[PDB]
Amino acid sequence: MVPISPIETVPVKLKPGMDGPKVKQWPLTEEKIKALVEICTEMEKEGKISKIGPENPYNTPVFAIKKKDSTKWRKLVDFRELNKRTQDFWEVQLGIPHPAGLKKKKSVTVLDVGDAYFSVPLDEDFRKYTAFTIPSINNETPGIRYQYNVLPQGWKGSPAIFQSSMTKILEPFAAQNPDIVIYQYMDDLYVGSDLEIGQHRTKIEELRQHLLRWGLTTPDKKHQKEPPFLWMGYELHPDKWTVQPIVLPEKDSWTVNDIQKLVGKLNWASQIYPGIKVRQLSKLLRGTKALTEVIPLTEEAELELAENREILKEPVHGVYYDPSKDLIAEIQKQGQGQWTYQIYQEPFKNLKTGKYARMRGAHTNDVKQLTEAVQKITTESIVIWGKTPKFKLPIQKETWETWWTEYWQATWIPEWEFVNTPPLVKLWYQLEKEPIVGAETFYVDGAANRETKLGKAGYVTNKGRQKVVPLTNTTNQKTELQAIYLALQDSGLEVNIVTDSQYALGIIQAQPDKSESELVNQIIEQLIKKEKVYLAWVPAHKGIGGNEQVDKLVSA
Amino acid sequence: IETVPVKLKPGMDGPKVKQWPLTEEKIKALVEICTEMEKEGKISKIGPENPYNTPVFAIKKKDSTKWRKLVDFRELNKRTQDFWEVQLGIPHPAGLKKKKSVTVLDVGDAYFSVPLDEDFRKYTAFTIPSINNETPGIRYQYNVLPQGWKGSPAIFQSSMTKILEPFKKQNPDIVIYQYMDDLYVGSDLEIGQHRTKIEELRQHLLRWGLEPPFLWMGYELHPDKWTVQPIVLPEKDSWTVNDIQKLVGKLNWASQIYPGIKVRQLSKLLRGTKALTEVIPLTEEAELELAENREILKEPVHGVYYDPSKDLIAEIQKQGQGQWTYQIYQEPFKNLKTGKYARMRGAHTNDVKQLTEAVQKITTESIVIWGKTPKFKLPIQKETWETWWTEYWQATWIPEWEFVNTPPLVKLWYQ
Ligand SMILES: Cc1cc(/C=C/C#N)cc(C)c1Nc1ccnc(Nc2ccc(C#N)cc2)n1
Ligand SMILES: OC1NC=Nc2cccc(F)c21
Ligand SMILES: [Mg+2]
């Protein structure tokens, strides 16, 4: 025989203070017991389990399940209880590669490593916790007791320890063969290269020979799986990728559940189909989670769906990444807080696409949303490609400069250029830095009675213009905004406005262009029509002329 | 050479912090650094039975081209037992902030000479990610005191005091304070003298070492010249209604800090409903009230004391044109330090880089004055900061921060 290197065991512990499982074995039919005994005799012959004496106090239940449409039974050891008591492990598969970050490959071969799995020994000191019992025929002898010597299927640590054991075996091969890539998924190794097929097949044989150093055999009759690969919802081909087919159902009426499934499909599709939208369809899911409830589709939701069906009418593919080329990201505004983007290197050949939706919030504006979208694409790009794309944005350079130099927060967008494709992001209003000479001055105020919710809003001006409006079902905050609105309504194109409302100033200084408050929206529409507006704040109740008078008129 | 036993705080597991996305250049740098650290025995590969993690990235220190590994041990530092066994603490030197020059040395390479307690090492686990997660992240843990962990200066302290005895005895007027991986060395000598004493100091550590990659550097400060921002009111010959309104607003705000501030007589100038740009003559009663307020504002704030048991809070405002104001306090309206920057280096078209530099300068001031870092209230959206701050960071510590989403009215008063 040829010596083989052992696979180093991973030391394993139970969580602190916990003991192993002691779970009752269910009674089984005479038929199932005979099947399990034969199954375990074979597993024992292969070294996977060993019989144990009666001292071991642990137990996990075992079942026999009929493999459908076959007379062959299959064994199932139910490790749910041991798994609760087993330590946590490092899970390497948490982040999965995105196809758009892969590199084109001339050949990709698959190798079955299912047999290696059972060359992976279980830590000797943990094996006792894996004990199980085949019940005896008629319960007239002790059940046969076994424990595992290898990683059990269904045990919490088996995926992480198998992957870490295979990676350690593979590392020297990969390091010394930088002209291939190797990826492990389930019981398969995928090996890709750009070598001419003869050299590529040579590397495969060399890999098989490396694996034999650990006694790991791979099937000669080469794998049936060949490009294209169905993997994690994608189709991988040698020189392009896409999502597996996206089929939106026809339906006469839609359930909560149906709409959740539809939105999930659209979201999946949006990584390569440009322009997908889900706002109106997601609006239908607001608040409710009665999975069987039917929701009428708004007209707006029907148009969104129809637009999506059209996008999905024929296949679209992405290209893979060429590290020798820059990455470009282009963004478009779609409306209703929705943004879409494409990432490419050569014109018209996207690596991937995607979308971004406005964050929930009271007030917002397009520049902030565009900035957030940029920040999201940047981070996604670092994950996939390790670098920030150059951005093509629908905002003039002068608009951005005006925005960031005057905005109260620090803000930044990385290297970008203007793309003149409507709709353009613009600043809808900008407040003055100084009081306006020659513009009338409006001193505004409002107040409300907390119990009756009656209030007043109004203004007085240096020209003697005055207004007070009685309001019902209102609050101090609302009346303070109503007063500013009235001043904007009744003033000329240039106006100075004096308020004592810290609330209103906080809103306006955030520079919204759209709000959940219809009063804020009305204020914004008035601001857009002005040529100049200066908003001045003063402290309340301090004897400030103008302010004192209007406060008196509105608190009456 | 023998390990100090280290524990986490009671009822407290190890850190499990996600690794954030790294650029290709930072990954390649970390792979090269960690391959060498591993050869030198400072770190070792770990297996999947270690589920812990602390983020890592890489920086370039001020004025260098070589990458430095920076581990973000903020979570591990919170979870690590406090170190009072030999000393309740190193009473912070109040004289350090009084020296004419303070030079900051990166001495963290010395920590690598002390082994870390074998039972604690698992908690220092970190991962070098791969682009697109195409290969398994490279997993390591420390075998020696790590840079950036709060235990390292504590455990090394005995060794450091002994290394420095000859220099201290020979130069008794020098203040030497250690904070995490930094050594702060303050003198009142002429800078050419000063630089030479600093180099004298390096040699003691080069000597003891027998090479440290950033020990040769020196960050030069001058705290005796550090400026503050008292409250000042305008001096004008022509006051508009708007000017007086802004003055009354500022004085109202100041009256929360200073008791005896009055605005009655100033408010009285505005009687009526006047145009904002109209000029108003000050009455005598108003000029007197204003003068009295000016005099109040020349005095210190009452009842301001530092409590070492409370967090320091730092607030920053963007003022425009590269200017930034800030306040450090523990209780509202009781500022311990205020200040203002403008010299924002190589960042004229980048707000975030400027803010990141301000955060580092304020932290440095905080370390020098109180020996700990403040919690920042940053005027930036979380997602913007988190995407970019690591690109501009040059310090070997990292403070805590939160985000300000509503514009503060008080920015106006610090202008
Ligand atoms: C992540 C991954 C999944 C699969 C396979 C998963 C499964 N099933 C196969 C491989 C080889 C990889 N690894 C890498 C790494 C770098 N570039 C590539 N490019 C690449 C991969 C497959 C095809 C094809 N056809 C084309 C290019 N793959
Ligand atoms: O999440 C997914 N993963 C893979 N394929 C999909 C297909 C349709 C919807 C969907 F959510 C997914
Ligand atoms: Mg009022």
# chains A, B, ... in the order shown; residues from 1 in each chain; ligands from 1

$ residues_around --residues "residue 403 in chain B" --least-positions-apart "4" --cutoff "9 Å" --atoms "only C-alpha atoms" --output "PyMOL selection string"
chain B and resi 376-382

$ closest_atom_pairs --of "chain A" --to "ligand 3" --cutoff "8 Å" --atoms "only C-alpha atoms and all ligand atoms" --output "tab-separated table"
residue	atom	partner	partner_atom_place_in_ligand_line	distance
A:445	CA	ligand 3	1 (Mg)	5.6
A:446	CA	ligand 3	1 (Mg)	6.2
A:447	CA	ligand 3	1 (Mg)	6.4
A:500	CA	ligand 3	1 (Mg)	6.6
A:501	CA	ligand 3	1 (Mg)	7.8
A:540	CA	ligand 3	1 (Mg)	5.7
A:541	CA	ligand 3	1 (Mg)	6.8
A:547	CA	ligand 3	1 (Mg)	7.5
A:548	CA	ligand 3	1 (Mg)	7.6
A:550	CA	ligand 3	1 (Mg)	7.7
A:551	CA	ligand 3	1 (Mg)	4.5
A:552	CA	ligand 3	1 (Mg)	7.7
A:554	CA	ligand 3	1 (Mg)	7.8
A:555	CA	ligand 3	1 (Mg)	7.2

$ residues_near_ligand --ligand "ligand 1" --cutoff "9 Å" --atoms "only C-alpha atoms and all ligand atoms" --output "PyMOL selection string"
(chain A and resi 96-99+101-110+180-185+188-193+225-232+234-241+320-321) or (chain B and resi 132-135)

$ residues_near_ligand --ligand "ligand 2" --cutoff "12 Å" --atoms "only C-alpha atoms and all ligand atoms" --output "count of residues only"
28

$ select_by_dssp --residues "range 5-171 of chain B" --states "strand (DSSP E or B)" --output "number ranges by chain"
B: 8, 16, 43-45, 53-54, 56-59, 68-71, 80, 101-106, 115, 126-128, 138-142, 144

$ interface_residues --of "chain B" --to "chain A" --cutoff "7 Å" --atoms "only C-alpha atoms" --output "JSON, numbers by chain"
{"B": [21, 22, 23, 24, 48, 49, 50, 51, 131, 132, 133, 134, 136, 245, 249, 267, 268, 270, 271, 272, 273, 274, 275, 276, 277, 318, 320, 350, 351, 352, 379, 380, 383, 384, 387, 406, 407]}

$ select_by_dssp --residues "range 139-375 of chain A" --states "helix (DSSP H, G or I)" --output "number ranges by chain"
A: 139, 158-175, 197-212, 256-269, 279-283, 299-311, 366-375

$ atom_distance --atom1 "CA of residue 312 in chain A" --atom2 "CA of residue 348 in chain A"
17.8 Å

$ residues_around --residues "residue 228 in chain B" --least-positions-apart "5" --cutoff "12 Å" --atoms "only C-alpha atoms" --output "list in words"
residues 223, 325, 326, 327, 328, 335, 336, 337, 338, 339, 340, 341, 365 and 414 of chain B

$ residues_around --residues "residue 50 in chain A" --least-positions-apart "5" --cutoff "8 Å" --atoms "only C-alpha atoms" --output "PDB file with N, CA, C and O atoms, in the first residue's frame"
ATOM      1  N   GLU A  44     -20.632   0.454   9.017  1.00  0.00           N
ATOM      2  CA  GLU A  44     -19.588   0.011   9.927  1.00  0.00           C
ATOM      3  C   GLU A  44     -18.436  -0.614   9.159  1.00  0.00           C
ATOM      4  O   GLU A  44     -17.261  -0.377   9.475  1.00  0.00           O
ATOM      5  N   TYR A 146     -24.326   2.550  18.270  1.00  0.00           N
ATOM      6  CA  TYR A 146     -23.251   2.981  17.393  1.00  0.00           C
ATOM      7  C   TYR A 146     -22.931   4.435  17.682  1.00  0.00           C
ATOM      8  O   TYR A 146     -23.802   5.207  18.126  1.00  0.00           O
ATOM      9  N   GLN A 147     -21.722   4.816  17.328  1.00  0.00           N
ATOM     10  CA  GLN A 147     -21.380   6.252  17.256  1.00  0.00           C
ATOM     11  C   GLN A 147     -20.617   6.504  15.959  1.00  0.00           C
ATOM     12  O   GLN A 147     -20.047   5.607  15.345  1.00  0.00           O
ATOM     13  N   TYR A 148     -20.591   7.770  15.564  1.00  0.00           N
ATOM     14  CA  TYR A 148     -19.949   8.168  14.336  1.00  0.00           C
ATOM     15  C   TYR A 148     -18.455   8.384  14.543  1.00  0.00           C
ATOM     16  O   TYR A 148     -18.009   8.866  15.588  1.00  0.00           O
ATOM     17  N   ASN A 149     -17.683   8.040  13.509  1.00  0.00           N
ATOM     18  CA  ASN A 149     -16.261   8.333  13.419  1.00  0.00           C
ATOM     19  C   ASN A 149     -15.955   9.408  12.395  1.00  0.00           C
ATOM     20  O   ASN A 149     -14.802   9.825  12.307  1.00  0.00           O
TER      21      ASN A 149
END

$ residues_around --residues "residue 397 in chain B" --least-positions-apart "5" --cutoff "12 Å" --atoms "only C-alpha atoms" --output "PyMOL selection string"
chain B and resi 59+61+69-74+77+106+108+147-150+179-182+359-360+363-364+367+372-374+390

$ residues_around --residues "residue 239 in chain B" --least-positions-apart "2" --cutoff "6 Å" --atoms "only C-alpha atoms" --output "PyMOL selection string"
chain B and resi 243+279-280

$ write_last_selection --atoms "C-alpha atoms" --output "short mmCIF file (atom, residue, chain, number, x, y, z; two decimals), in the first residue's frame"
data_model
loop_
_atom_site.label_atom_id
_atom_site.label_comp_id
_atom_site.auth_asym_id
_atom_site.auth_seq_id
_atom_site.Cartn_x
_atom_site.Cartn_y
_atom_site.Cartn_z
CA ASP B 243 -28.46 91.73 13.13
CA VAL B 279 -30.98 99.98 10.58
CA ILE B 280 -31.86 100.46 14.25
#

$ closest_residue --among "B:215, B:160, B:128, B:144" --to "residue 33 in chain B" --atoms "only C-alpha atoms"
B:128

$ residues_around --residues "residue 302 in chain A" --least-positions-apart "2" --cutoff "12 Å" --atoms "only C-alpha atoms" --output "number ranges by chain"
A: 251-254, 259, 277-281, 284, 296-300, 304-309

$ closest_residue --among "B:129, B:172, B:230, B:260" --to "residue 185 in chain B" --atoms "only C-alpha atoms"
B:172

$ atom_distance --atom1 "CA of residue 353 in chain A" --atom2 "CA of residue 282 in chain A"
19.8 Å

$ closest_residue --among "A:449, A:428, A:516, A:356" --to "residue 531 in chain A" --atoms "only C-alpha atoms"
A:428

$ closest_residue --among "A:118, A:155, A:459, A:403" --to "residue 366 in chain A" --atoms "only C-alpha atoms"
A:403

$ decode --residues "range 7-29 of chain B" --atoms "N, CA and C atoms" --output "compact mmCIF listing (two decimals), in the first residue's frame"
# COMPACT_ATOMS: atom_id res chain seq x y z
N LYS B 7 -8.96 37.52 30.81
CA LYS B 7 -10.33 37.04 30.66
C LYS B 7 -11.18 38.14 30.04
N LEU B 8 -12.30 37.72 29.45
CA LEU B 8 -13.37 38.64 29.12
C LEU B 8 -14.14 39.03 30.39
N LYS B 9 -14.97 40.05 30.27
CA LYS B 9 -15.86 40.40 31.37
C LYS B 9 -16.89 39.30 31.58
N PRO B 10 -17.43 39.19 32.80
CA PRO B 10 -18.38 38.11 33.10
C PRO B 10 -19.59 38.08 32.17
N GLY B 11 -20.06 36.87 31.84
CA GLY B 11 -21.28 36.74 31.02
C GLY B 11 -21.12 37.53 29.74
N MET B 12 -20.15 37.14 28.94
CA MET B 12 -19.77 37.96 27.79
C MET B 12 -18.98 37.06 26.84
N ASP B 13 -19.47 36.86 25.61
CA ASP B 13 -18.75 36.00 24.67
C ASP B 13 -17.79 36.86 23.84
N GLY B 14 -17.02 36.20 22.99
CA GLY B 14 -16.07 36.89 22.17
C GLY B 14 -16.75 37.69 21.08
N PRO B 15 -15.97 38.53 20.41
CA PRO B 15 -16.53 39.36 19.34
C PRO B 15 -16.88 38.49 18.15
N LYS B 16 -17.96 38.85 17.51
CA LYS B 16 -18.38 38.26 16.27
C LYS B 16 -18.79 39.37 15.33
N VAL B 17 -17.80 40.12 14.87
CA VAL B 17 -18.07 41.33 14.11
C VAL B 17 -17.79 41.04 12.65
N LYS B 18 -18.69 41.48 11.77
CA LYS B 18 -18.51 41.20 10.36
C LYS B 18 -17.30 41.96 9.80
N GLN B 19 -16.56 41.29 8.92
CA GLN B 19 -15.54 41.99 8.13
C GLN B 19 -16.18 42.85 7.04
N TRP B 20 -15.85 44.11 7.00
CA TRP B 20 -16.45 44.93 5.97
C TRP B 20 -15.65 44.85 4.68
N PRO B 21 -16.23 45.35 3.58
CA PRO B 21 -15.62 45.12 2.26
C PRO B 21 -14.31 45.86 2.15
N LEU B 22 -13.29 45.18 1.62
CA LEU B 22 -11.99 45.80 1.38
C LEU B 22 -11.63 45.91 -0.09
N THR B 23 -10.96 47.00 -0.44
CA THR B 23 -10.45 47.11 -1.79
C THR B 23 -9.34 46.09 -2.07
N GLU B 24 -9.16 45.83 -3.36
CA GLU B 24 -8.09 44.95 -3.82
C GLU B 24 -6.73 45.36 -3.27
N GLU B 25 -6.43 46.65 -3.26
CA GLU B 25 -5.08 47.07 -2.81
C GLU B 25 -4.93 46.78 -1.31
N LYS B 26 -6.00 46.86 -0.55
CA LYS B 26 -5.86 46.63 0.91
C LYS B 26 -5.74 45.13 1.16
N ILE B 27 -6.46 44.34 0.39
CA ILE B 27 -6.38 42.86 0.56
C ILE B 27 -4.95 42.40 0.25
N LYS B 28 -4.41 42.83 -0.89
CA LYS B 28 -3.03 42.43 -1.28
C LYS B 28 -2.03 42.88 -0.22
N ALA B 29 -2.19 44.08 0.29
CA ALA B 29 -1.29 44.56 1.34
C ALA B 29 -1.43 43.65 2.57
